[PDB]
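Quick note on numbering: the sequence shown equals residues 55 to 87, 91 to 328, 344 to 940, 942 to 993, 995 to 997, 1010 to 1016 in UniProt numbering.
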Amino acid sequence: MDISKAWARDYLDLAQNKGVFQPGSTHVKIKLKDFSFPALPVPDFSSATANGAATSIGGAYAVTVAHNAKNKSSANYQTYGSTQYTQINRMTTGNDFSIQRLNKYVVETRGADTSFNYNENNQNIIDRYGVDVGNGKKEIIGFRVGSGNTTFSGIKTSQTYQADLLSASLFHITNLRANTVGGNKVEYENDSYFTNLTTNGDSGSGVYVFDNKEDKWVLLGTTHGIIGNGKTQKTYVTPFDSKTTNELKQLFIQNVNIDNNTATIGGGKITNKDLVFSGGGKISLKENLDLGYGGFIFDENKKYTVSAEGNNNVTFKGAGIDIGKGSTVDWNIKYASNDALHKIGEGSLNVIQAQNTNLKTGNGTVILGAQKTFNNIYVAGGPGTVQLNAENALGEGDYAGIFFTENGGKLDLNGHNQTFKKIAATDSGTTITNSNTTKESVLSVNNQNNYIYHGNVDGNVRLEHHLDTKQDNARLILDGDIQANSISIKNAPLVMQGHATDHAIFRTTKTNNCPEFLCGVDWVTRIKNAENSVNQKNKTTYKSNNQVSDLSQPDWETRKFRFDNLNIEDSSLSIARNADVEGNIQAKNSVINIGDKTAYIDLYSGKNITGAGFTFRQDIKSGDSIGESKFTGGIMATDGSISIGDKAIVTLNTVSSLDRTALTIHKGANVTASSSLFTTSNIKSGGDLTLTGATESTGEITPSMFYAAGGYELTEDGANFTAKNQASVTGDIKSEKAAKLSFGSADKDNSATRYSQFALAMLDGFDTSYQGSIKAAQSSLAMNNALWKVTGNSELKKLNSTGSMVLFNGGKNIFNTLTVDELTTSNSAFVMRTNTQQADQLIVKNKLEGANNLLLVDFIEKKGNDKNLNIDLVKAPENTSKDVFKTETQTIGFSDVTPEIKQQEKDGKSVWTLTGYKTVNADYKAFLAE
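Rendered as structure tokens:
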């Protein structure tokens, strides 16, 4: 492998379908120390053996090269996932082709597609598998994956057949029909930039090529050998051979036509090959049946039963069970107890009795119809389903005896409740569901220590994380997608977060089993040193640190958390980076951190299943890792606290009620509450906080709502506090930072009012009311159509009121002063109060005012006539002008008492005074167009 351009881990990521090289990914490019892979989907390389030297072709069959027999097995002993398979037969061709029969059915992969036809003429093959590389120029491009003696630009690992080091080659075909000893062979050359040259240990590995018309990767053949040395090194592929393949497969077929009758089996007779059953019917065993290398294969769309004669106890043993699509096999015997039952195929195994053995399933449905149906279950490869159909059908221990490796499968609780201390899932290929739409399944997960569920939840499920005693370390962390009716949390923490994308590593054991003499620095260390400089300049050390993922990596999968309701009691809920959370929260004596900085990763994520596939490993690290997070819904809380952190985006579109529940909005958060929010406590905010009417209900249309904060709101930075669009906001607002905004839709509205005009007796206009005390001596205040009733002494920095504005209200003969420092009011409204001999308000200190305006007043003294006494109404020294409260002889006022004013008095402070009285859905905003 050449790592002068590409990172070492890049070749590995591709071969192991990690990082950006997920199966089916199109338009993939990688940064170099910039490179675009060809316009094709990434292959699925899961049909490759762990060591790369052979390729599964589905079922009990695999393909490799013939002279790999001489090799230290290399291909005689095959590992897929947690399972070992042994070649027990083969056929072999002069062109070095080898089709293999394995001792058991492969559970982990459905195998590579075998539709390559070497006997088509050159033009046909070019048109079927050719790739455009410019202007219509076709080349046959493909991928090869294996793990020969491994080298990274002159760093010698001396490692061969390591699964961790499974590495990918990209190539173009240079001769479809090269004339070699043995027969015609396909010749290829690697890409000159993304260059993984073939090594001896790669011999036998599968070569892939992509069908244009069927849109699928196809097994071209298997790697035969090389000629040459560096960049131009040629590789020869033994073309896949159907005829020889099919001849080997013929050696294992015994057709059994049951045809709805009954086939009785015993004594070497039916009244090793695979027994290939057809027609449906009953299968009865008179004794233990051991099929050796054979197993059961069932056709499609048929019903079968497997029974013991006379209700005896008989076991079956063999290659496994392969059930065709649309078929169901009622399995009413035991599979042998010293062997795993391997189930593949798309149909259903219906297990009527307990088995006292282990299951390995990779496809179709296995139904558990008995208590403790299997001792342990291993789910692999993606498309299998395990379905509960009896009480206590799962197994014992923390994991309920079920384990999901790579790509996982589905657990359908099917109306049953199931409890796990821990779910043993390696990745989000796993989902726990419930297909029963009429009886909800309670899924309980009651880990007492840090644990991450990597899998999903959907269907008719309720999720509970309940403990008997308050335990703050019992953190349940969900890394996958969660779709649940509801979620309930008591006494133990819940964490919702995204998933750090898994990458390949070079070696999972932390030791190098070669002494320092004769071997020196660890090759693992050497790769990290060799890429250190470019990693220091780009800040990407996570690429070469031999860890599966890193808290500081940028590549994170966003996860969806949807639920009608979450209930928390006496614990904490954290939404961390790349969680997208939506639903209603009820909280009691609990802590809610939205946009929490602490994220968790699993050092064995994606490789959590060990041993024979019935043991589970997990190692958790946590630390700061800041990224976008989303909460959408409502919050009903009692005590505890709520925290909204950097990069979080919260949308309260459901009514929120906080009682003794402090709300803190930190710097870098965006909180929009389009739904009513009441709180007996206070809200602190150093981010953006916006309060608006319900802009929902209709696809258009907006109804209004309220925001009360008894403990007031407090602003903590150069922040934003915006109220607009039919928002009625109660509770004082204080601040000593340079804050801004807002009251009132900034020209986003007018006079054309929708909604109930009986719901206009709560805002008059505007479409925004507030009340009513602002102590912010550094802060701005926009006022496009508003304002407040002012219930306290407000000393505000700056003010701009293009539109409807402030009045006073309303302490019992308790008068207050507003005080600005750049009051540029561009229009109406300024209703002030006084009884007669006691008046308030000394406003703008540093002048600059606006056009039109309306400085008004009102009372509690019954002056049946005039009272021509001296009480000022503003205090702007010298002033820019005077006509900043123009003479409009149309004042309704309060009662029938209308006094007048002045122009100037004490020094430069241009005040306003008083005079006498007069006599004159029926209004305040009756002066917008004045």
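The beta carbon of each residue, even a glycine, is placed where N, CA and C say it ideally should be.
- Per DSSP, reduced to three states, the secondary structure at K609 is helical.
- The C-alpha of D819 is placed about 33 Å away from the C-alpha of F887.
- Per DSSP, the continuous beta strand (DSSP E) segment holding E785 begins and ends at 785-787.
- Under DSSP, the beta-bridge partners assigned to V313 are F349.
- Per the C-alpha coordinates, the member of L895, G454, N925, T896 positioned closest to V903 is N925.
- Per the coordinates, the alpha-carbon of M877 lies some 20 Å from the alpha-carbon of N792.
- Rounded to whole angstroms, the Cβ separation of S262 and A110 is 6 Å, and the two are in contact under 8 Å.
- The alpha carbon of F635 has as its nearest neighbour, out of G966, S644, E654, the alpha carbon of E654.
- Around the beta carbon of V243, 16 or more other beta carbons lie within 10 angstroms, which makes this residue buried.
- Where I183 is concerned, the enclosing alpha helix (DSSP H) starts and stops at 179-186.
- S713 is bridged by DSSP to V663, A734.
- Just so you know, the alpha carbons of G782 and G481 end up roughly 51 Å apart.
- Within 10 angstroms of the beta-carbon of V99 lie 16 or more other beta-carbons, which makes it buried.
- According to DSSP, residue pairing for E536 in a beta bridge involves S516, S560.
- The C-beta separation of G765 from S757 comes to about 20 Å, leaving the pair out of contact by the 8 Å criterion.
- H124 carries a helical assignment under DSSP once its states are collapsed to helix, strand and coil.
- Of the residues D248, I504, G453, the one whose Cα lies closest to the Cα of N489 is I504.
- The beta carbons of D652 and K702 sit closer together than 9 Å.
- DSSP links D394 through a beta bridge to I369, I416.
- In the three-state DSSP reduction, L68 falls in the helix class (H, G or I).
- Excluding the 5 residues flanking it on each side, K919 has same chain C-beta neighbours closer than 6 Å at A949, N952, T953, in chain order.
- In the DSSP secondary-structure assignment, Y142 is bridged to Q135.
- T889 and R905 have their C-alpha atoms spaced approximately 11 Å apart.
- Of the residues assessed, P626 falls on the exposed side of the cut-off, its CB having fewer than 16 other CB atoms within 10 angstroms.
- Contact check for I393 against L421 passes: the beta carbons are separated by less than 9 Å.
- Listed in chain order, the beta strand (DSSP E) elements of length 3 or more contained wholly in the region 473-513 are 474-476, 482-484, 490-492, 503-505.
- Collapsing the DSSP output to three states places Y614 in a helix.
- In this model, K959 and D789 are separated by some 38 Å (Cα to Cα).
- For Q307, the enclosing alpha helix (DSSP H) has its first and last residue at 299-307.
- Residue state for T106 is assigned as coil, using DSSP reduced to three classes.
- Nearest to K195 by alpha-carbon distance, out of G240, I230, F931, is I230.
- The three-state secondary structure of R598, taken from DSSP, is helix.
- In its chain, beyond the 5 residues on either side, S350, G351 have a beta carbon closer than 6 Å to the beta carbon of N314.
- DSSP, reduced to helix, strand and coil, places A799 within a strand of the structure shown.
- Short of 7 Å from the beta carbon of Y142, and not among the five residues preceding or following it, lie these beta carbons of its own chain, in chain order: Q135, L159, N160, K161, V163.
- When secondary structure is reduced to three states using DSSP, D259 falls in the helix class.
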